[PDB]
>>> print(open('data.txt').read())   # compact mmCIF, C-alpha atoms and all ligand atoms
# COMPACT_ATOMS: atom_id res chain seq x y z
CA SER B 459 -193.47 61.26 -169.03
CA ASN B 460 -192.67 63.13 -165.84
CA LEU B 461 -195.16 65.46 -164.14
CA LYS B 462 -195.49 69.18 -163.69
CA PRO B 463 -195.88 70.54 -160.13
CA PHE B 464 -199.23 69.77 -158.46
CA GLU B 465 -200.38 67.63 -161.39
CA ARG B 466 -202.84 64.90 -160.38
CA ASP B 467 -202.33 62.05 -162.85
CA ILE B 468 -205.49 59.96 -162.34
CA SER B 469 -204.99 58.19 -165.69
CA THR B 470 -204.90 54.39 -165.92
CA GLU B 471 -203.53 53.89 -169.44
CA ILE B 472 -201.57 50.70 -170.06
CA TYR B 473 -197.85 51.41 -169.92
CA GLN B 474 -195.59 50.04 -172.65
CA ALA B 475 -191.94 49.30 -171.94
CA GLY B 476 -191.05 48.89 -175.62
CA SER B 477 -193.59 49.32 -178.42
CA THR B 478 -196.62 47.07 -178.86
CA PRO B 479 -200.39 47.72 -178.90
CA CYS B 480 -202.18 47.24 -175.58
CA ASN B 481 -205.95 47.30 -175.04
CA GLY B 482 -206.24 46.74 -171.31
CA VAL B 483 -204.03 43.63 -171.45
CA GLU B 484 -201.18 42.56 -169.17
CA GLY B 485 -198.42 41.39 -171.50
CA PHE B 486 -194.84 41.94 -172.56
CA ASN B 487 -194.51 45.71 -172.94
CA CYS B 488 -198.16 45.88 -171.80
CA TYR B 489 -197.93 46.70 -168.09
CA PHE B 490 -200.10 48.70 -165.73
CA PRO B 491 -198.95 52.04 -164.32
CA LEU B 492 -200.52 51.04 -160.98
CA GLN B 493 -198.33 49.37 -158.34
CA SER B 494 -198.73 48.79 -154.60
CA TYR B 495 -196.85 48.01 -151.42
CA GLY B 496 -197.94 45.54 -148.77
CA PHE B 497 -197.37 47.33 -145.46
CA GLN B 498 -197.33 45.14 -142.37
CA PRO B 499 -196.49 46.22 -138.81
CA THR B 500 -193.49 43.86 -139.03
CA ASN B 501 -191.95 45.41 -142.16
CA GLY B 502 -188.73 47.38 -142.06
CA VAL B 503 -188.27 51.03 -141.09
CA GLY B 504 -187.97 52.15 -144.73
CA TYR B 505 -191.03 50.04 -145.57
CA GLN B 506 -193.38 51.50 -142.95
CA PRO B 507 -196.18 53.92 -143.90
CA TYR B 508 -195.74 57.60 -143.21
CA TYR O 160 -226.96 66.92 -169.40
CA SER O 161 -229.16 64.45 -167.55
CA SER O 162 -226.78 63.21 -164.83
CA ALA O 163 -224.25 64.25 -162.20
CA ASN O 164 -221.59 61.75 -161.19
CA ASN O 165 -218.16 61.73 -159.54
CA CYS O 166 -218.05 65.47 -158.86
CA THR O 167 -214.90 66.85 -157.19
CA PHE O 168 -215.89 70.54 -157.11
CA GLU O 169 -219.06 72.57 -157.28
CA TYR O 170 -219.61 76.30 -156.97
CA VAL O 171 -222.79 78.31 -157.43
CA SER O 172 -222.99 82.09 -157.20
CA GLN O 173 -225.93 84.11 -155.92
CA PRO O 174 -229.05 83.80 -158.12
CA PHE O 175 -229.97 86.73 -160.36
CA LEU O 176 -232.32 87.16 -163.33
CA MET O 177 -231.24 88.19 -166.83
CA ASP O 178 -232.38 88.19 -170.47
CA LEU O 179 -233.73 84.77 -171.50
CA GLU O 180 -236.54 85.26 -174.03
CA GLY O 181 -235.83 85.32 -177.74
CA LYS O 182 -234.48 88.52 -179.31
CA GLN O 183 -232.55 89.21 -182.51
CA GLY O 184 -230.64 92.30 -183.64
CA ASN O 185 -227.68 94.46 -182.65
CA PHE O 186 -225.93 93.16 -179.57
CA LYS O 187 -226.20 95.09 -176.32
CA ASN O 188 -223.53 93.66 -174.00
CA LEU O 189 -220.03 92.51 -174.87
CA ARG O 190 -218.58 90.17 -172.23
CA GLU O 191 -214.91 89.54 -172.82
CA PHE O 192 -212.98 86.79 -171.06
CA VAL O 193 -209.47 85.45 -170.68
CA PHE O 194 -208.95 81.79 -169.72
CA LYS O 195 -205.46 80.63 -168.76
CA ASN O 196 -203.95 77.65 -166.87
CA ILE O 197 -200.81 78.27 -164.76
CA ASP O 198 -199.37 75.43 -162.62
CA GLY O 199 -202.82 73.96 -162.07
CA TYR O 200 -204.55 77.29 -161.35
CA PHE O 201 -207.26 78.20 -163.85
CA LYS O 202 -207.28 82.00 -164.04
CA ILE O 203 -210.39 83.69 -165.42
CA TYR O 204 -210.39 87.42 -166.18
CA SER O 205 -213.35 89.27 -167.58
CA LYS O 206 -215.02 92.55 -168.39
CA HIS O 207 -218.66 93.27 -169.25
CA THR O 208 -219.43 96.45 -171.19
CA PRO O 209 -222.45 98.06 -172.91
CA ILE O 210 -222.37 98.17 -176.70
CA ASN O 211 -224.58 99.37 -179.57
CA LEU O 212 -223.01 97.44 -182.43
CA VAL O 213 -223.76 94.36 -184.51
CA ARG O 214 -220.71 94.42 -186.83
CA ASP O 215 -217.11 93.42 -186.02
CA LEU O 216 -215.25 94.29 -182.82
CA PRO O 217 -215.22 97.99 -181.84
CA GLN O 218 -211.84 99.67 -181.71
CA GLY O 219 -211.01 101.10 -178.30
CA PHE O 220 -208.85 100.43 -175.26
CA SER O 221 -210.50 98.43 -172.49
CA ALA O 222 -208.83 96.74 -169.54
CA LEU O 223 -209.92 93.34 -168.23
CA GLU O 224 -210.14 92.96 -164.46
CA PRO O 225 -209.35 89.62 -162.77
CA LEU O 226 -212.31 87.78 -161.27
CA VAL O 227 -211.55 84.10 -160.57
CA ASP O 228 -208.63 81.81 -159.72
CA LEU O 229 -209.74 78.19 -159.54
CA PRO O 230 -207.36 75.46 -158.19
CA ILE O 231 -208.22 72.43 -160.33
CA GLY O 232 -205.01 70.72 -161.50
CA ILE O 233 -206.45 69.37 -164.80
CA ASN O 234 -204.42 68.86 -168.00
CA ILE O 235 -206.46 70.89 -170.50
CA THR O 236 -205.78 70.59 -174.23
CA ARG O 237 -209.21 71.25 -175.82
CA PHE O 238 -212.33 73.29 -175.04
CA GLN O 239 -215.84 73.83 -176.47
CA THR O 240 -218.53 76.55 -176.23
CA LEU O 241 -222.27 76.32 -175.45
CA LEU O 242 -224.94 78.08 -177.55
CA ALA O 243 -228.59 79.01 -176.75
CA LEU O 244 -231.22 78.00 -179.35
CA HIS O 245 -234.67 79.59 -179.30
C1 LIG B 601 -216.42 57.21 -160.61
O1 LIG B 601 -217.32 56.52 -159.71
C2 LIG B 601 -217.31 55.09 -159.88
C3 LIG B 601 -218.35 54.52 -158.94
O2 LIG B 601 -219.17 53.57 -159.60
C4 LIG B 601 -215.90 54.55 -159.61
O3 LIG B 601 -215.89 53.15 -159.82
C5 LIG B 601 -214.93 55.22 -160.57
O4 LIG B 601 -213.61 54.76 -160.33
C6 LIG B 601 -214.99 56.73 -160.37
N1 LIG B 601 -214.05 57.41 -161.25
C7 LIG B 601 -214.18 57.46 -162.58
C8 LIG B 601 -213.13 58.24 -163.31
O5 LIG B 601 -215.10 56.89 -163.17
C1 LIG B 602 -202.07 66.25 -171.43
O1 LIG B 602 -202.72 65.32 -172.33
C2 LIG B 602 -202.06 65.16 -173.59
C3 LIG B 602 -202.89 64.18 -174.40
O2 LIG B 602 -203.96 64.83 -175.06
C4 LIG B 602 -200.64 64.67 -173.36
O3 LIG B 602 -199.97 64.55 -174.62
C5 LIG B 602 -199.90 65.66 -172.48
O4 LIG B 602 -198.57 65.22 -172.24
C6 LIG B 602 -200.64 65.79 -171.16
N1 LIG B 602 -199.95 66.70 -170.26
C7 LIG B 602 -199.27 66.30 -169.19
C8 LIG B 602 -198.64 67.38 -168.37
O5 LIG B 602 -199.17 65.11 -168.88
>>> encode(input="data.txt", output="structure tokens")
Amino acid sequence: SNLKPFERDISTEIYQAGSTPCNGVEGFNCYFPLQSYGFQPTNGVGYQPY
Amino acid sequence: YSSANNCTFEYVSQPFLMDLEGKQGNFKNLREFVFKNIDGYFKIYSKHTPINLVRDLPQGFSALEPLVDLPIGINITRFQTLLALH
């Protein structure tokens, strides 16, 4: 779901693309909500940290 | 409790002293509260008033003044009370 203004969503529940049980597993339709970027001084303008 | 871990906020008011020892009978003080959550702000209103009544709520107009506005940002769906056992 989306977020309300100034909501701090600290949750780490396993996201499901389709519909399948997940119990902390990385699998098809068992993905993590957490993603990251690898920022390097040589990355592009749009890829730099601000 | 017997712990304190991963705290993100703490507030303590000025210490006072109030009724603690065991008593049973008609109640003496009615302390009414309103608890609401608007856009992450937890608004607490309250009014303390003297009473001489054990039975149901007294009829009578009484306004609640605001006291606290706490910026917490927590998704609240359930709550529980805390009782004192002698
Ligand atoms: C609480 O503190 C621990 C430190 O051991 C940390 O690993 C954890 O991510 C913190 N947050 C929660 C919600 O437990
Ligand atoms: C708050 O938690 C409940 C789960 O108990 C969830 O259904 C609801 O969508 C959450 N609220 C927000 C704004 O994410």
>>> atom_distance(input="data.txt", atom1="atom CA of residue O:168", atom2="atom CA of residue O:205")
21.6 Å
>>> residues_near_ligand(input="data.txt", ligand="ligand LIG 602 (chain B)", cutoff="8 Å", atoms="all atoms listed in the file", output="PyMOL selection string")
(chain B and resi 459-462+465+467) or (chain O and resi 234-236)
>>> residues_near_ligand(input="data.txt", ligand="ligand LIG 601 (chain B)", cutoff="10 Å", atoms="all atoms listed in the file", output="compact mmCIF listing (two decimals) with C-alpha atoms, keeping the file's coordinate frame")
# COMPACT_ATOMS: atom_id res chain seq x y z
CA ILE B 468 -205.49 59.96 -162.34
CA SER B 469 -204.99 58.19 -165.69
CA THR B 470 -204.90 54.39 -165.92
CA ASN O 164 -221.59 61.75 -161.19
CA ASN O 165 -218.16 61.73 -159.54
CA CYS O 166 -218.05 65.47 -158.86
>>> closest_atom_pairs(input="data.txt", of="chain B", to="chain O", cutoff="7 Å", atoms="all atoms listed in the file", output="Markdown table")
| residue | atom | partner | partner_atom | distance |
| --- | --- | --- | --- | --- |
| B:463 | CA | O:198 | CA | 6.5 |
| B:464 | CA | O:199 | CA | 6.6 |
| B:465 | CA | O:232 | CA | 5.6 |
| B:466 | CA | O:232 | CA | 6.3 |
>>> residues_around(input="data.txt", residues="residue O:217", least_positions_apart="4", cutoff="12 Å", atoms="all atoms listed in the file", output="NGL selection string")
:O and (186 or 189 or 208-213 or 221)
>>> atom_distance(input="data.txt", atom1="atom CA of residue O:181", atom2="atom CA of residue O:216")
23.0 Å
>>> axis_aligned_box(input="data.txt", around="stretch 198-216 of chain O", padding_each_side="6 Å", output="lines of an AutoDock Vina configuration file")
center_x = -212.0
center_y = 86.7
center_z = -174.1
size_x = 37.2
size_y = 37.4
size_z = 37.5
>>> atom_distance(input="data.txt", atom1="atom CA of residue B:479", atom2="atom CA of residue B:495")
27.7 Å
>>> residues_near_point(input="data.txt", point="(-195.7, 53.9, -164.6)", cutoff="10 Å", atoms="all atoms listed in the file", output="PyMOL selection string")
chain B and resi 459-460+470-475+489-493
>>> write_last_selection(input="data.txt", atoms="C-alpha atoms", output="PDB file, in the frame of the given file")
ATOM      1  CA  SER B 459    -193.470  61.260-169.030  1.00  0.00           C
ATOM      2  CA  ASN B 460    -192.670  63.130-165.840  1.00  0.00           C
ATOM      3  CA  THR B 470    -204.900  54.390-165.920  1.00  0.00           C
ATOM      4  CA  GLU B 471    -203.530  53.890-169.440  1.00  0.00           C
ATOM      5  CA  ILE B 472    -201.570  50.700-170.060  1.00  0.00           C
ATOM      6  CA  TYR B 473    -197.850  51.410-169.920  1.00  0.00           C
ATOM      7  CA  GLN B 474    -195.590  50.040-172.650  1.00  0.00           C
ATOM      8  CA  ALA B 475    -191.940  49.300-171.940  1.00  0.00           C
ATOM      9  CA  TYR B 489    -197.930  46.700-168.090  1.00  0.00           C
ATOM     10  CA  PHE B 490    -200.100  48.700-165.730  1.00  0.00           C
ATOM     11  CA  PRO B 491    -198.950  52.040-164.320  1.00  0.00           C
ATOM     12  CA  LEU B 492    -200.520  51.040-160.980  1.00  0.00           C
ATOM     13  CA  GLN B 493    -198.330  49.370-158.340  1.00  0.00           C
TER      14      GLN B 493
END
>>> closest_residue(input="data.txt", among="O:163, O:193, O:243, O:222", to="residue O:180", atoms="all atoms listed in the file")
O:243
>>> build_atoms(input="data.txt", residues="stretch 182-217 of chain O", atoms="N, CA and C atoms", output="CSV table (one decimal), in the coordinates of the input")
chain,number,residue,atom,x,y,z
O,182,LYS,N,-234.6,87.2,-178.7
O,182,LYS,CA,-234.5,88.5,-179.3
O,182,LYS,C,-233.4,88.4,-180.4
O,183,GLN,N,-233.5,89.2,-181.4
O,183,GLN,CA,-232.6,89.2,-182.5
O,183,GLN,C,-232.3,90.6,-183.0
O,184,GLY,N,-231.0,91.0,-183.1
O,184,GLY,CA,-230.6,92.3,-183.6
O,184,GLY,C,-229.2,92.7,-183.2
O,185,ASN,N,-229.0,94.0,-183.2
O,185,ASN,CA,-227.7,94.5,-182.6
O,185,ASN,C,-227.5,94.0,-181.2
O,186,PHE,N,-226.2,93.8,-180.9
O,186,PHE,CA,-225.9,93.2,-179.6
O,186,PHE,C,-225.9,94.3,-178.6
O,187,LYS,N,-226.1,94.0,-177.3
O,187,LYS,CA,-226.2,95.1,-176.3
O,187,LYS,C,-225.1,95.1,-175.3
O,188,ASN,N,-224.5,93.9,-175.0
O,188,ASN,CA,-223.5,93.7,-174.0
O,188,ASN,C,-222.4,92.8,-174.5
O,189,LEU,N,-221.2,93.3,-174.5
O,189,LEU,CA,-220.0,92.5,-174.9
O,189,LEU,C,-219.4,92.1,-173.6
O,190,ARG,N,-219.2,90.8,-173.4
O,190,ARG,CA,-218.6,90.2,-172.2
O,190,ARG,C,-217.3,89.4,-172.7
O,191,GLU,N,-216.2,90.0,-172.4
O,191,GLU,CA,-214.9,89.5,-172.8
O,191,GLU,C,-214.3,88.8,-171.7
O,192,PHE,N,-213.6,87.7,-172.0
O,192,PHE,CA,-213.0,86.8,-171.1
O,192,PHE,C,-211.6,86.4,-171.5
O,193,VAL,N,-210.8,86.1,-170.5
O,193,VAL,CA,-209.5,85.4,-170.7
O,193,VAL,C,-209.4,84.2,-169.8
O,194,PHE,N,-209.0,83.1,-170.4
O,194,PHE,CA,-209.0,81.8,-169.7
O,194,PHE,C,-207.5,81.3,-169.9
O,195,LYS,N,-206.8,81.1,-168.7
O,195,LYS,CA,-205.5,80.6,-168.8
O,195,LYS,C,-205.2,79.6,-167.6
O,196,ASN,N,-204.3,78.7,-167.9
O,196,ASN,CA,-204.0,77.6,-166.9
O,196,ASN,C,-202.5,77.8,-166.5
O,197,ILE,N,-202.2,78.2,-165.2
O,197,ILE,CA,-200.8,78.3,-164.8
O,197,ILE,C,-200.6,77.4,-163.5
O,198,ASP,N,-199.7,76.4,-163.7
O,198,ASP,CA,-199.4,75.4,-162.6
O,198,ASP,C,-200.6,74.9,-161.9
O,199,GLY,N,-201.6,74.5,-162.6
O,199,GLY,CA,-202.8,74.0,-162.1
O,199,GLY,C,-203.9,74.9,-161.6
O,200,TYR,N,-203.6,76.3,-161.7
O,200,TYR,CA,-204.6,77.3,-161.4
O,200,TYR,C,-205.2,77.8,-162.6
O,201,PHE,N,-206.5,77.7,-162.7
O,201,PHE,CA,-207.3,78.2,-163.8
O,201,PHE,C,-207.7,79.6,-163.6
O,202,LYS,N,-207.1,80.6,-164.3
O,202,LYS,CA,-207.3,82.0,-164.0
O,202,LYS,C,-208.3,82.5,-165.1
O,203,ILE,N,-209.3,83.1,-164.6
O,203,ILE,CA,-210.4,83.7,-165.4
O,203,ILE,C,-210.4,85.2,-165.2
O,204,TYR,N,-210.3,86.0,-166.2
O,204,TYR,CA,-210.4,87.4,-166.2
O,204,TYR,C,-211.6,87.8,-167.0
O,205,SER,N,-212.3,88.9,-166.7
O,205,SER,CA,-213.4,89.3,-167.6
O,205,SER,C,-213.7,90.7,-167.4
O,206,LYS,N,-214.5,91.2,-168.4
O,206,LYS,CA,-215.0,92.6,-168.4
O,206,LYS,C,-216.3,92.5,-169.2
O,207,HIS,N,-217.4,93.1,-168.6
O,207,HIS,CA,-218.7,93.3,-169.2
O,207,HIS,C,-218.8,94.8,-169.6
O,208,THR,N,-219.2,95.1,-170.8
O,208,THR,CA,-219.4,96.4,-171.2
O,208,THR,C,-220.6,96.6,-172.1
O,209,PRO,N,-221.4,97.8,-172.0
O,209,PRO,CA,-222.4,98.1,-172.9
O,209,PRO,C,-222.0,98.4,-174.3
O,210,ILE,N,-222.7,97.9,-175.3
O,210,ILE,CA,-222.4,98.2,-176.7
O,210,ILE,C,-223.7,98.5,-177.5
O,211,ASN,N,-223.5,99.1,-178.6
O,211,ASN,CA,-224.6,99.4,-179.6
O,211,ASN,C,-224.0,99.1,-180.9
O,212,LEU,N,-223.7,97.8,-181.2
O,212,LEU,CA,-223.0,97.4,-182.4
O,212,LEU,C,-223.2,96.0,-182.8
O,213,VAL,N,-223.5,95.7,-184.0
O,213,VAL,CA,-223.8,94.4,-184.5
O,213,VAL,C,-222.5,93.9,-185.2
O,214,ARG,N,-221.8,94.7,-186.0
O,214,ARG,CA,-220.7,94.4,-186.8
O,214,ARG,C,-219.5,93.9,-186.0
O,215,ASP,N,-218.3,94.0,-186.6
O,215,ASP,CA,-217.1,93.4,-186.0
O,215,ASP,C,-216.8,94.1,-184.7
O,216,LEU,N,-215.7,93.7,-184.1
O,216,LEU,CA,-215.2,94.3,-182.8
O,216,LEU,C,-215.0,95.8,-182.9
O,217,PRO,N,-215.6,96.6,-181.9
O,217,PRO,CA,-215.2,98.0,-181.8
O,217,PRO,C,-213.8,98.2,-181.5
